[PDB]
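Here's the structure, in structure tokens; my notes come after.
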Amino acid sequence: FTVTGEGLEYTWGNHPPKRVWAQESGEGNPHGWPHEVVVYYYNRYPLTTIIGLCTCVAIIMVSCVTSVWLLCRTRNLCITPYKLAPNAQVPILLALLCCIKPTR
Amino acid sequence: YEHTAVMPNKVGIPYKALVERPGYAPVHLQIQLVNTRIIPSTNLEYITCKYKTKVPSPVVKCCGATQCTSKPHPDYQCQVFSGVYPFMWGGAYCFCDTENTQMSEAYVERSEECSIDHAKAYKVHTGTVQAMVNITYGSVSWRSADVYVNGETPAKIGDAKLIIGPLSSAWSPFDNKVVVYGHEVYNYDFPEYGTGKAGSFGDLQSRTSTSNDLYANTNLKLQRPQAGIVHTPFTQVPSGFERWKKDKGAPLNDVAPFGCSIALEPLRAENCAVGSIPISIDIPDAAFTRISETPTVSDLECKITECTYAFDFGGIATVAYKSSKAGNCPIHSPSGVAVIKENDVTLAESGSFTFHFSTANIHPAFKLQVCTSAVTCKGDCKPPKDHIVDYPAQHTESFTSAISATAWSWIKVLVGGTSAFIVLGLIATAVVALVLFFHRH
Amino acid sequence: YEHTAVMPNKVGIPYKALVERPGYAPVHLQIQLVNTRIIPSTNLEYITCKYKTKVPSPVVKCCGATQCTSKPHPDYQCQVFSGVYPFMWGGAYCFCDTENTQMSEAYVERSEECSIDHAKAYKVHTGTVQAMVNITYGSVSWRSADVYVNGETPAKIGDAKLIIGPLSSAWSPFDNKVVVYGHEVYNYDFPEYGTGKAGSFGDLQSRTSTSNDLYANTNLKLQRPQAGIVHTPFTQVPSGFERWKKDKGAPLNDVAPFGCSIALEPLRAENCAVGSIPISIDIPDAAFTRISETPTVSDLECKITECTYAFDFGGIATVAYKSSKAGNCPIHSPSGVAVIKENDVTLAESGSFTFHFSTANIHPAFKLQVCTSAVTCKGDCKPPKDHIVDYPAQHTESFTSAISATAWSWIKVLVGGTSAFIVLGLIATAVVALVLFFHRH
Ligand SMILES: *[C@@H]1O[C@H](CO)[C@@H](O)[C@H](O)[C@H]1NC(C)=O
Ligand SMILES: *[C@@H]1O[C@H](CO)[C@@H](O)[C@H](O)[C@H]1NC(C)=O
């Protein structure tokens with residue numbers, strides 16, 4: 001019988017009813033390494049950790065993709081003025097940061 | 001002095017609060033429910049039981065036929081059968097071969113067990129809710145009284161006045177129609193009186209156990225006697241009450257949610273945890289002491305020696321303590337992080353006392369008051385063991401209870417990294433749009 | 001057959017219909033509702049009356065001092081007055097100079113007038129609604145029966161099933177707090193048990209008429225017996241019943257809207273003319289008659305002979321009928337424009353009979369069915385010249401009643417003039433839009 005924190009009352013035959021409560025004592029280490037962290041919370045709250053993990057991978061994915069898109073956009077908007085004008089000097093700071101090939 | 005609060009509708013566990021009148025020593029009260037009963041207003045629609053199909057001795061007339069007549073009896077049946085020719089002991093009985101007729105009437109009535117066992121059909125309404133409350137405050141010992149849980153009716157518990165109610169939730173375990181049998185109730189949709197359905201629950205419907213009127217639909221056909229013997233053979237649908245007893249549902253005593261037993265004499269729904277109750281208690285002014293007579297505590301620090309977030313009081317902490325004078329002082333933690341088992345603590349001059357508590361947090365950062373002075377206790381709890389436990393939880397869990405100060409650190413670094421990449425991209429757009437849109441001309 | 005309808009919850013107005021089950025003569029149905037008994041479920045909370053202060057004999061202990069306990073009594077005082085020299089006839093009653101005791105016990109309890117008068121306070125709930133109804137159908141005479149107003153109750157009125165569906169509106173004159181006094185009720189909130197305000201209403205609060213507990217709260221104070229005369233001088237607020245009688249509000253029955261009168265012993269509001277009632281009357285089939293038996297009526301011509309839109313039936317008209325054979329007809333208008341005084345007309349051949357009717361429209365257009373036939377007749381009515389009268393409104397007014405058929409003409413010609421002028425504009429724009437733009441081209 002799956003006994004939750006709210007408790008379970010079971011009656012067996014003519015015996016008086018017995019109430020049992022399941023204290024939140026799972027496996028896993030709440031501290032320490034990430035794998036033990038995730039297993040402790042999965043045993044504590046299975047559905048919550050699954051949706052939480054899915055949300056967190058989702059939010060890091062969208063943020064990382066949007067960031068790289070923003071960055072590569074800026075990279076283009078940095079090089080293209082110099083790209084188009086091959087005969088100018090490409091400032092060293094721009095050269096190393098919006099990292100650039102030296103054009104002819 | 002009037003103090004208001006909200007207390008969870010959970011019977012066993014006491015509810016501790018510290019009513020505080022500025023200028024007086026804060027007096028510590030305790031409110032413990034011991035009964036909370038949902039009493040619905042009910043009326044008896046009818047009662048049902050096994051029937052008895054009594055057969056009057058049939059009348060048999062020789063060389064001639066009687067007729068049937070109707071009498072005001074539950075499920076009365078008459079059927080004159082022709083050419084009976086009965087054969088009693090000591091010879092045949094009725095002279096005339098053919099032209100012999102037997103009346104053979106039956107009728108239905110309450111069995112001799114109705115008075116002992118009988119289902120009772122009830123229609124219930126919203127009704128009232130009342131409870132038995134146990135109060136302590138200051139030096140006054142525990143005093144109990146019965147109160148009506150509604151926002152208006154007060155109760156003079158000892159010398160304090162107490163107003164409890166309403167329940168935050170109007171839930172009751174009972175549907176519109178219920179049936180009580182023995183000592184258990186069932187949420188059955190019983191047939192409205194006078195529409196019994198010949199053998200499922202309503203086949204005998206007597207308004208009261210001793211009511212002369214009676215409704216009965218046992219489908220009492222009356223078969224002819226055969227082979228020249230004297231008897232009244234009938235076929236009849238078996239007792240609806242018996243069928244109901246065999247195919248009885250799970251009783252509401254075993255199926256009701258929130259865990260309340262059903263008691264019977266007023267038809268209570270006893271001790272189930274639904275929502276919370278407001279509390280409005282007027283403490284007598286004579287129970288408040290002046291501050292000057294009570295110790296004032298300063299230069300406090302608390303150090304949680306041990307703590308495991310178990311259901312019982314699995315936390316021991318100590319408090320470094322300096323006072324104004326010796327005496328007895330109450331203690332309390334307002335927040336829901338931890339519940340303190342001790343109520344008052346004796347305090348020397350410049351001692352250090354200990355208290356016990358129960359918490360649900362991995363990291364129980366809670367505030368504790370000792371005679372109008374707060375201390376913050378941080379600690380770091382450790383998992384309990386032994387799984388199933390017989391006693392209820394003494395604390396209330398919150399959503400931010402299981403986060404263990406590395407998981408916090410992880411969601412911190414994750415959101416920080418995510419925001420940092422996003423904001424870096426934003427600043428990148430700013431600088432490119434600055435050097436390029438402007439600052440090339 | 002079953003006939004369903006709806007009806008004004010009015011008290012003297014008869015409700016007239018014709019049941020029409022095809023192939024039979026129409027049959028005339030009359031329902032009259034003679035009281036409207038809205039019965040609210042109530043619980044007595046507490047009763048109250050004038051207090052009376054019994055001052056038991058004082059204890060005069062001479063030299064020395066007694067002390068007195070708080071014996072449990074409503075609003076009990078007991079105060080020892082030290083330094084008394086009670087000076088009776090034939091000697092002073094004590095041999096000490098000073099250091100004498102005068103105990104001054106006071107105690108308050110219900111007066112004996114509480115037996116005969118008491119403002120008992122209830123708590124109103126939704127309750128049930130029922131009514132006494134009077135039916136008339138066919139040639140059967142009047143048949144009266146009380147009826148629960150709820151769809152779920154057969155209420156067999158004679159030989160027909162009458163189901164009166166739950167009252168359209170659920171309005172009740174009574175709020176949740178009502179206090180009954182004598183022959184009247186008050187829609188007054190009452191400070192309930194133990195919340196007695198100490199002097200306006202709840203000075204005394206007794207749970208029932210003969211209850212041993214009494215929540216007196218009357219602010220009894222005791223004073224020093226002056227100048228050594230034995231007596232227990234007590235000063236306190238006058239009775240709450242006094243001020244409640246003097247500043248008593250208007251009784252509910254004098255304020256209850258919708259002409260709602262109140263009766264007492266069930267605490268019921270009668271004749272309460274709010275909203276409407278559904279009706280479902282299942283008439284016997286035997287009261288009908290085959291259409292082929294029924295007379296033919298033809299070449300009907302009805303003429304209004306004088307009408308005046310009075311409350312009472314202030315219109316007389318004549319119908320010229322030609323007939324097949326002697327027999328009865330019902331005459332009612334299927335529409336609210338008229339109400340016909342005459343239930344049935346039992347009619348010979350080839351003749352011209354007169355019927356009375358009541359209406360408020362100033363050109364009635366009743367379509368009145370004599371013996372499953374039809375005839376429509378109209379004409380002018382004039383103002384009946386009385387101002388205020390005491391007969392309630394027999395007819396129901398609709399908005400399209402007062403327009404005098406010149407004002408109808410006036411608004412018609414006005415609305416036509418606006419619409420036609422705009423249409424003339426629209427035609428002009430189109431014809432210039434094409435003749436002048438596209439044809440020149
Ligand atoms: C109130 O609590 C005290 C102590 O827990 C107990 O002795 C007493 O029986 C309780 N009251 C009732 C009515 O059970
Ligand atoms: C029914 O209506 C008739 C109409 O005259 C009246 O005489 C009779 O009293 C009414 N029934 C009752 C019960 O009052």
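In the structure tokens, each chain is lettered A, B, ... as it comes, each chain's residues begin at 1, and ligands are numbered from 1 in order of appearance.
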Which residues sit within 8 Å of ligand 1, counting only C-alpha atoms and all ligand atoms, listed as a tab-separated table (two decimals) with C-alpha atoms, in the first residue's frame?
```tsv
chain	number	residue	atom	x	y	z
B	32	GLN	CA	-6.07	21.87	21.08
B	34	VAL	CA	-10.07	16.99	20.52
B	132	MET	CA	-14.42	20.16	21.77
B	133	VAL	CA	-11.54	22.53	22.45
B	134	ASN	CA	-8.87	22.39	25.15
B	135	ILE	CA	-7.40	25.74	26.19
B	142	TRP	CA	-6.00	22.92	30.68
B	143	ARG	CA	-9.74	23.57	30.51
B	144	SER	CA	-12.03	21.97	27.95
B	145	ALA	CA	-15.36	23.01	26.53
```
* Selection: 9 Å around stretch 330-347 of chain C, only C-alpha atoms, excl. self and same-chain fewer than 5 positions, as JSON, numbers by chain -> {"C": [16, 17, 18, 26, 27, 28, 29, 30, 138, 313, 323, 325, 353, 355, 356, 357, 358, 359, 360, 361, 364, 365, 366, 367, 368, 369, 370, 371, 372, 394, 395, 396, 397, 398, 401]}
* **All strand (DSSP E or B) residues (DSSP, backbone) inside stretch 61-249 of chain C, as a VMD selection string** => chain C and resid 61 to 63 77 80 to 82 100 to 103 106 to 110 120 to 124 128 to 137 143 to 148 157 160 to 164 177 to 181 184 to 186 206 214 221 to 222 234 to 235
Could you write out as a PDB file with C-alpha atoms, in the first residue's frame the residues of chain C within 12 Å of chain B, counting only C-alpha atoms?
```pdb
ATOM      1  CA  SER C  41     -37.024  26.378   8.688  1.00  0.00           C
ATOM      2  CA  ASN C  43     -34.037  27.379  15.090  1.00  0.00           C
ATOM      3  CA  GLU C  45     -31.380  30.719  19.403  1.00  0.00           C
ATOM      4  CA  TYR C  46     -32.340  32.332  22.708  1.00  0.00           C
ATOM      5  CA  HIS C 125     -33.137  29.132   6.774  1.00  0.00           C
ATOM      6  CA  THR C 126     -34.447  28.460   3.266  1.00  0.00           C
ATOM      7  CA  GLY C 127     -37.228  26.096   4.307  1.00  0.00           C
ATOM      8  CA  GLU C 152     -41.411  16.184  -6.571  1.00  0.00           C
ATOM      9  CA  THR C 153     -44.782  15.831  -4.782  1.00  0.00           C
ATOM     10  CA  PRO C 154     -47.959  14.332  -6.380  1.00  0.00           C
ATOM     11  CA  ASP C 189     -29.991  41.217  14.091  1.00  0.00           C
ATOM     12  CA  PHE C 190     -29.642  40.003  17.645  1.00  0.00           C
ATOM     13  CA  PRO C 191     -26.343  39.919  19.545  1.00  0.00           C
ATOM     14  CA  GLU C 192     -26.267  36.228  20.037  1.00  0.00           C
ATOM     15  CA  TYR C 193     -25.487  34.016  23.002  1.00  0.00           C
ATOM     16  CA  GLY C 194     -23.110  35.597  25.447  1.00  0.00           C
ATOM     17  CA  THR C 195     -22.429  38.583  23.199  1.00  0.00           C
ATOM     18  CA  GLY C 196     -25.024  40.565  25.119  1.00  0.00           C
ATOM     19  CA  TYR C 215     -26.437  34.779  30.464  1.00  0.00           C
TER      20      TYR C 215
END
```
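The two atoms in question, atom CA of residue B:423 and atom CA of residue A:54, are spaced 22.9 Å apart.
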* Do me a favour and pick out the residues of chain B within 6 Å of chain A, using only C-alpha atoms, as a ChimeraX atom specification. => /B:383-385,387-390,404,418,421-422,425
Would you mind exporting the chosen residues as a PDB file, in the first residue's frame, restricted to N, CA and C atoms?
```pdb
ATOM      1  N   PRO B 383      18.463  13.542   7.116  1.00  0.00           N
ATOM      2  CA  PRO B 383      17.292  12.739   6.818  1.00  0.00           C
ATOM      3  C   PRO B 383      16.904  11.805   7.947  1.00  0.00           C
ATOM      4  N   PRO B 384      15.618  11.685   8.257  1.00  0.00           N
ATOM      5  CA  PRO B 384      15.181  10.599   9.128  1.00  0.00           C
ATOM      6  C   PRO B 384      15.253   9.248   8.453  1.00  0.00           C
ATOM      7  N   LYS B 385      14.845   8.213   9.172  1.00  0.00           N
ATOM      8  CA  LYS B 385      14.840   6.837   8.697  1.00  0.00           C
ATOM      9  C   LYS B 385      13.569   6.183   9.218  1.00  0.00           C
ATOM     10  N   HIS B 387      10.968   5.160   7.941  1.00  0.00           N
ATOM     11  CA  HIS B 387       9.879   5.124   6.968  1.00  0.00           C
ATOM     12  C   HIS B 387       8.481   5.246   7.567  1.00  0.00           C
ATOM     13  N   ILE B 388       7.707   4.168   7.640  1.00  0.00           N
ATOM     14  CA  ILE B 388       6.359   4.273   8.161  1.00  0.00           C
ATOM     15  C   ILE B 388       6.432   4.562   9.648  1.00  0.00           C
ATOM     16  N   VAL B 389       5.599   5.478  10.104  1.00  0.00           N
ATOM     17  CA  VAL B 389       5.529   5.901  11.492  1.00  0.00           C
ATOM     18  C   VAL B 389       4.074   5.939  11.924  1.00  0.00           C
ATOM     19  N   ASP B 390       3.827   5.641  13.196  1.00  0.00           N
ATOM     20  CA  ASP B 390       2.454   5.511  13.670  1.00  0.00           C
ATOM     21  C   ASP B 390       1.802   6.841  14.018  1.00  0.00           C
ATOM     22  N   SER B 404      18.247  22.038  -0.404  1.00  0.00           N
ATOM     23  CA  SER B 404      19.243  21.672   0.585  1.00  0.00           C
ATOM     24  C   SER B 404      20.504  22.508   0.518  1.00  0.00           C
ATOM     25  N   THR B 418      22.185  31.443 -17.207  1.00  0.00           N
ATOM     26  CA  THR B 418      21.214  31.715 -18.248  1.00  0.00           C
ATOM     27  C   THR B 418      21.035  33.211 -18.437  1.00  0.00           C
ATOM     28  N   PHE B 421      24.334  34.820 -19.917  1.00  0.00           N
ATOM     29  CA  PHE B 421      24.462  34.717 -21.362  1.00  0.00           C
ATOM     30  C   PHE B 421      23.498  35.655 -22.059  1.00  0.00           C
ATOM     31  N   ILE B 422      22.256  35.721 -21.585  1.00  0.00           N
ATOM     32  CA  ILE B 422      21.284  36.582 -22.248  1.00  0.00           C
ATOM     33  C   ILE B 422      21.723  38.033 -22.157  1.00  0.00           C
ATOM     34  N   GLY B 425      24.558  38.833 -24.371  1.00  0.00           N
ATOM     35  CA  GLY B 425      24.103  39.056 -25.729  1.00  0.00           C
ATOM     36  C   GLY B 425      23.497  40.431 -25.902  1.00  0.00           C
TER      37      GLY B 425
END
```
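Checking C:413, C:272, C:326, C:11 one by one against ligand 2, counting only C-alpha atoms and all ligand atoms, you find the shortest gap at C:11.
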* Spatial neighbours of stretch 302-309 of chain B, 6 Å, only C-alpha atoms, chain gap at least 3 places, as a list in words -> residues 314, 315, 316, 317, 318, 319, 359, 360, 377, 379, 381, 382, 383 and 384 of chain B
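Separating atom CA of residue B:198 from atom CA of residue B:220 is a distance of 9.6 Å.
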* Could you name the residues that touch stretch 289-297 of chain C at 7 Å or less, counting only C-alpha atoms, but leaving out those on the same chain fewer than 6 positions away, as a ChimeraX atom specification? -> /C:23-25,321-325,327,371,373
How would the residues just chosen look if you wrote them out with N, CA and C atoms as an mmCIF file, in the first residue's frame?
```
data_model
loop_
_atom_site.group_PDB
_atom_site.id
_atom_site.type_symbol
_atom_site.label_atom_id
_atom_site.label_comp_id
_atom_site.auth_asym_id
_atom_site.auth_seq_id
_atom_site.Cartn_x
_atom_site.Cartn_y
_atom_site.Cartn_z
ATOM 1 N N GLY C 23 -58.941 15.665 -30.991
ATOM 2 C CA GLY C 23 -60.063 14.783 -31.185
ATOM 3 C C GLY C 23 -61.079 14.841 -30.074
ATOM 4 N N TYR C 24 -60.925 15.764 -29.128
ATOM 5 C CA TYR C 24 -61.868 15.947 -28.041
ATOM 6 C C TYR C 24 -62.215 17.421 -27.924
ATOM 7 N N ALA C 25 -63.307 17.697 -27.226
ATOM 8 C CA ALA C 25 -63.696 19.075 -27.007
ATOM 9 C C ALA C 25 -62.687 19.730 -26.077
ATOM 10 N N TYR C 321 -73.801 33.876 -32.332
ATOM 11 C CA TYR C 321 -73.396 32.556 -32.766
ATOM 12 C C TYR C 321 -74.561 31.883 -33.465
ATOM 13 N N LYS C 322 -74.211 30.988 -34.372
ATOM 14 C CA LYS C 322 -75.116 30.037 -34.983
ATOM 15 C C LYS C 322 -74.552 28.652 -34.720
ATOM 16 N N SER C 323 -75.439 27.676 -34.564
ATOM 17 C CA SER C 323 -75.146 26.474 -33.802
ATOM 18 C C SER C 323 -75.508 25.217 -34.566
ATOM 19 N N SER C 324 -74.924 24.108 -34.113
ATOM 20 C CA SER C 324 -75.363 22.779 -34.520
ATOM 21 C C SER C 324 -76.425 22.221 -33.580
ATOM 22 N N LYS C 325 -76.113 22.125 -32.292
ATOM 23 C CA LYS C 325 -77.059 21.572 -31.335
ATOM 24 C C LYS C 325 -76.747 22.121 -29.955
ATOM 25 N N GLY C 327 -75.681 22.512 -26.129
ATOM 26 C CA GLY C 327 -74.455 22.004 -25.538
ATOM 27 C C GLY C 327 -73.627 23.110 -24.919
ATOM 28 N N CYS C 371 -66.035 26.892 -28.073
ATOM 29 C CA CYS C 371 -66.300 25.522 -28.527
ATOM 30 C C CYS C 371 -65.365 25.147 -29.684
ATOM 31 N N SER C 373 -63.654 26.956 -31.599
ATOM 32 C CA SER C 373 -63.730 27.863 -32.731
ATOM 33 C C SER C 373 -62.982 29.128 -32.368
#
```
* Asked: Leaving out residue B:60 and any residue of its chain fewer than 6 positions from it, which residues lie within 10 Å of it when counting only C-alpha atoms, given as a PyMOL selection string?
  -> chain B and resi 66+80-82+84-86+93-94+100-104+230
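Put simply, atom CA of residue C:129 is 6.4 Å away from atom CA of residue C:148.
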* Asked: Would you give me, as a count of residues only, the residues in chain A that DSSP reads as helix (DSSP H, G or I)?
  -> 56
* **Non-local contacts of residue A:94 (9 Å; only C-alpha atoms; under 5 positions in same chain excluded) as an NGL selection string** => :A and (78-79 or 99-100)
* Spatial neighbours of stretch 258-265 of chain B, 8 Å, only C-alpha atoms, chain gap at least 6 places, as a PyMOL selection string -> (chain A and resi 9) or (chain B and resi 183-185+252+271-274)
